[PDB]
Amino acid sequence: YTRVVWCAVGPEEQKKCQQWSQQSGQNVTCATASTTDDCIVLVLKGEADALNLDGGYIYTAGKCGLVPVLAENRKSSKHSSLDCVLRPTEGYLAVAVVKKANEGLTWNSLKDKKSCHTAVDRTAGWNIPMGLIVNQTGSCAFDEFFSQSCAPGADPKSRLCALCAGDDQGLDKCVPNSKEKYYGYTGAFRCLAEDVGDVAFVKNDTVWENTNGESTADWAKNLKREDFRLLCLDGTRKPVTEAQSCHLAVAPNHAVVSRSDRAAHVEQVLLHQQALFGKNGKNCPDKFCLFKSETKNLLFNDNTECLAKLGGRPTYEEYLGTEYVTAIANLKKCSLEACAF
Ligand SMILES: *[C@@H]1O[C@H](CO)[C@@H](O[C@@H]2O[C@H](CO)[C@@H](O[C@@H]3O[C@H](CO)[C@@H](O[C@@H]4O[C@H](CO)[C@@H](O[C@H]5O[C@H](CO)[C@@H](O[C@@H]6O[C@H](CO)[C@@H](O)[C@H](O)[C@@H]6O)[C@H](O)[C@@H]5O)[C@H](O)[C@@H]4O)[C@H](O)[C@@H]3O)[C@H](O)[C@H]2NC(C)=O)[C@H](O)[C@H]1NC(C)=O
Ligand SMILES: *[C@@H]1O[C@H](CO)[C@@H](O[C@@H]2O[C@H](CO)[C@@H](O[C@H]3O[C@H](CO[C@H]4O[C@H](CO)[C@@H](O)[C@H](O)[C@@H]4O)[C@@H](O[C@@H]4O[C@H](CO)[C@@H](O)[C@H](O)[C@@H]4O)[C@H](O)[C@@H]3O)[C@H](O)[C@H]2NC(C)=O)[C@H](O)[C@H]1NC(C)=O
Ligand SMILES: *[C@@H]1O[C@H](CO)[C@@H](O[C@@H]2O[C@H](CO)[C@@H](O)[C@H](O)[C@H]2NC(C)=O)[C@H](O)[C@H]1NC(C)=O
Ligand SMILES: C[C@@H]1O[C@@H](O)[C@@H](O)[C@H](O)[C@@H]1O
Ligand SMILES: [Fe+3]
Ligand SMILES: [Zn+2]
Ligand SMILES: [Zn+2]
């Protein structure tokens with residue numbers, strides 16, 4: 001069975017996958033789709049095997065019978081004795097980030113401001129912050145809360161796409177893939193950094209990874225951590241060093257998913273692939289590294305140390321947690337089960 005078809009979202013992930021495919025000697029091959037939802041459909045049809053998904057998409061996929069297989073694990077201070085593959089995941093902090101210079105902007109004065117989101121349906125970029133805002137406003141009109149947004153995946157003619165820029169040539173405005181300039185963790189943070197939006201909904205790590213010389217990308221070169229503040233739910237503003245006390249939620253890590261009938265085979269292949277191309281893999285620095293793509297988080301987040309086994313062989317609901325699962329269900333009432341395709 002020993003060949004896995006990975007699903008790449010957009011042309012840049014396709015290019016990375018092709019390299020991985022070459023280096024793996026066709027042990028992995030590539031299918032490509034324009035959106036994550038389209039990739040999920042390829043997996044269901046059996047035309048692709050697997051892809052790595054943010055928590056919000058794991059919810060979509062899980063309702064259609066796809067299962068979590070292995071999880072992204074990043075570096076941590078705690079649980080250091082265990083190998084990365086066997087270490088429990090910790091989850092990431094969803095934060096709301098503003099410019100320090102934008103004084104007196106707090107959680108409570110976000111209405112009618114300009115927002116930057118990773119993509120519709122994603123954990124930190126959409127589900128957590130819009131879930132909170134629906135609950136707080138008692139209204140399903142989340143599309144009228146911000147004056148203008150970039151929320152890749154919304155209607156390109158709506159105000160939710162008004163701030164998105166598209167590609168080099170201005171094509172593909174608001175597509176939920178990396179062709180969109182302001183897509184993803186990095187894109188949404190860039191939307192703030194360039195003062196297109198007033199607030200970005202990303203995760204803690206994104207801020208650290210794109211400031212104080214960590215990035216070297218032309219837009220991120222001169223970004224200083226101190227020029228940013230986190231918005232806390234209590235109306236306060238804190239330095240980005242204080243994320244542990246000023247986040248919107250903790251999110252389940254991104255995770256590889258597959259059709260249940262393929263899970264065991266995808267898992268075995270991926271474990272061998274990471275021994276070759278993972279963090280201290282045989283072939284990484286030298287030939288190819290799975291978990292690098294110049295800050296662009298292609299296929300996997302660049303800060304991934306390894307893919308970890310799950311343990312408790314969880315269902316998608318157990319993986320996401322009852323906490324997160326009810327948040328999503330409640331928000332989804334604005335836009336009670338089956339598969340959405
Ligand atoms: C928000 O997002 C940020 C970006 O992701 C993130 O910051 C990142 O944090 C991680 C750590 O969680 C950093 O990675 C680490 O950096 C260090 C320093 O450059 C690296 O160097 C050493 O690594 C060692 C091995 O892990 C580490 O030992 C660790 O374990 C020991 C226990 O044996 C313990 O040390 C203790 O220290 C005590 C005080 O003196 C001492 O008395 C005691 O005896 C004990 O030895 C620590 O737990 C320690 O972690 C060494 O201490 C060194 O640190 C290390 O390899 C790893 O790369 C990232 O650099 C950092 N990213 C960036 C870009 O800044 C934030 O944490 C996120 N914030 C939140 C709230 O989640
Ligand atoms: C937007 O606002 C909505 C509406 O409030 C909100 O949805 C609500 O979230 C609550 C919090 O997540 C849900 O309550 C949940 O917890 C209760 C309590 O049980 C838990 O706490 C105890 C005590 O610490 C723990 O020991 C325990 O392990 C639980 O974690 C649950 O109630 C129980 O349900 C079981 C069913 O298995 C019963 O047998 C029990 O008797 C008891 O009633 C509950 O099931 C939840 O898990 C609350 O349900 C939910 N409300 C609705 C209408 O869905 C969203 O979370 C808000 N969104 C955002 C983004 O914040
Ligand atoms: C492609 O997959 C095959 C199947 O796992 C790999 O061939 C095995 O490689 C291991 C480690 O080198 C050997 O010990 C096995 O005996 C090989 N045969 C098997 C199990 O079929 C091969 O390594 C993979 N190639 C790459 C580059 O990933
Ligand atoms: C696998 C994920 O890992 C951590 O993020 C937890 O906070 C989540 O609830 C989930 O279990
Ligand atoms: Fe995410
Ligand atoms: Zn918390
Ligand atoms: Zn279980």
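This chain uses plain numbering: 1 for the first residue, then up along the sequence. Both ligands and their constituent atoms are indexed starting at 1 by order of listing. Quick note: numbers below take in every heavy atom, side chains included, and nothing from hydrogens, waters or symmetry partners.
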Q | Check: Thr295/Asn210 side-chain N/O donor and acceptor closer than 3.5 Å | A | yes

(Q) So if I count the atoms of ligand 1 from 1 in the order they appear, which ones are less than 4.0 Å from some heavy atom of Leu93? (A) 71 (C)

Q: Quick one: report the N, O or S atom of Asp54 that is nearest to the Fe ion (ligand 5).
A: OD1

(Q) Which residue and atom name correspond to the protein heavy atom nearest atom 65 (O) of ligand 1, and how close is it? (A) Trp208 CE3, 3.6 Å

Q | ligand 1 contact by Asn303, heavy-atom criterion under 4.0 angstrom | A | no

Q) For ligand 2, is there an N or O atom under 3.5 Å from any N or O atom of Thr322? A) no

Q: Dump the intermediate steps for side chain to side chain donor-acceptor pair (under 3.5 Å) on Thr89 and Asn73, then the final yes or no.
A: CA-CA 6 Å; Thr89 62; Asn73 225 171; 5.3 Å; no

Q. Cut-off 3.5 Å, side chains only: do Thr186 and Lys296 have a donor facing an acceptor?
A. no

Q: Go through the side-chain N and O atoms of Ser147 and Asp112 and say whether any donor and acceptor fall under 3.5 Å apart.
A: no

Q) Are any non-hydrogen protein atoms located under 4.0 Å from atom 3 (C) of ligand 2? A) yes

Q) If you measure only the distance, is there a donor-acceptor pair under 3.5 Å linking the side chains of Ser81 and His79? A) no

Q: For this output row, return yes or no: ring centroids of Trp126 and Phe142 closer than 6.0 angstrom.
A: yes

Q: Can you pull out the closest protein heavy atom to atom 12 (O) of ligand 2? Residue, atom name and distance to 0.1 Å, please.
A: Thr326 OG1, 4.1 Å

Q) Nearest to atom 58 (O) of ligand 1, what protein heavy atom do you find, and at what distance? A) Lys75 CD, 3.4 Å

Q. Are any of the N/O atoms in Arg74 less than 3.5 Å from those in ligand 1?
A. no

Q: Tell me which protein heavy atom sits closest to atom 26 (O) of ligand 1, plus the residue, atom name and distance to 0.1 Å.
A: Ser76 O, 4.9 Å

Q) Got a salt bridge between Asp302 and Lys292, using NZ or NE/NH1/NH2 to carboxylate O under 4.0 Å? A) no

Q | Part of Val207 with heavy atoms under 4.0 Å of ligand 1, whether side chain, backbone, both or neither | A | neither

(Q) Taking N, O or S atoms only and a limit of 2.8 Å, check whether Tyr92 reaches the Fe ion (ligand 5). (A) yes

Q) Under the disulfide (SG to SG under 2.5 Å) rule, what pairs show up with a residue in residues 198-241, not counting sequence neighbours? A) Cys232-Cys246

Q: May I ask you to check if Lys100 and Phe228 form a cation-pi contact, with NZ or CZ under 6.0 angstrom from the six-membered ring centre and within 45° of the axis?
A: no

Q.
Can you check which of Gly91, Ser77, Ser80, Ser81 brings a heavy atom nearest to atom 48 (O) of ligand 1?
A. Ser77

Q. Would atom 31 (C) of ligand 2 count as contacted, meaning some protein heavy atom under 4.0 Å?
A. no

Q: Taking atom types as modelled, find out whether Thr123 and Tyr324 have a side-chain donor-acceptor pair closer than 3.5 angstrom.
A: yes

(Q) Between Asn127 and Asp121, is there a side-chain donor-acceptor contact under 3.5 Å, judged purely by atom types and distance? (A) no

Q. With distance as the sole criterion, is a donor-acceptor pair present between the side chains of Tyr185 and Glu209 under 3.5 Å?
A. no

Q: Answer yes or no for atom 48 (C) of ligand 2: protein heavy atom present at a distance under 4.0 Å?
A: no

Q: State whether a side-chain donor-acceptor pair under 3.5 Å links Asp54 with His254.
A: yes

Q. What are the atoms of ligand 1, with element, lying closer than 4.0 Å to any heavy atom of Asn204?
A. 1 (C), 2 (O), 3 (C), 66 (C), 68 (C), 69 (N), 70 (C), 72 (O)

Q: Flag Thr123 as yes if one of its N/O/S atoms falls below 2.8 Å of the Fe ion (ligand 5), otherwise no.
A: no

Q: Look up atom 50 (O) of ligand 1 and tell me if a protein heavy atom lies less than 4.0 Å from it?
A: yes

Q: Take atom 56 (O) of ligand 1 and look for protein heavy atoms under 4.0 Å from it; say yes if you find one, no if not.
A: no

Q.
Yes or no, since that's all I need: does a protein heavy atom fall within a distance strictly under 4.0 Å of atom 6 (C) of ligand 2?
A. yes

Q. Short check: is a protein heavy atom less than 4.0 Å from atom 10 (C) of ligand 2?
A. no

Q. Given the side-chain rings of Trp6 and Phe300, with only the six-membered ring counted for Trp, is the space between their centroids under 6.0 Å?
A. yes

(Q) Out of all atoms in ligand 2, which are within 4.0 Å of some heavy atom of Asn135? Include the element for each. (A) 1 (C), 2 (O), 3 (C), 55 (C), 57 (C), 58 (N), 59 (C), 61 (O)

Q) So, for atom 59 (C) of ligand 2, does the protein have a heavy atom nearer than 4.0 Å? A) yes

Q | Sub-4.0 Å protein heavy atom near atom 54 (O) of ligand 2 | A | yes

Q) In terms of side-chain heavy atoms, does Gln23 have a donor or acceptor partner in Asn283 at a distance below 3.5 Å? A) no

Q. What do you reckon, does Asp205 have a nitrogen or oxygen under 3.5 Å from a nitrogen or oxygen of ligand 1?
A. yes

Q. Nearest to atom 50 (C) of ligand 2, what protein heavy atom do you find, and at what distance?
A. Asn330 ND2, 4.4 Å

(Q) Quick test of your reading of the model: are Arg237 and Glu103 salt-bridged, counting only N-O distances below 4.0 Å? (A) no

Q. Hey, is atom 41 (O) of ligand 2 touched by any protein heavy atom at less than 4.0 Å?
A. no

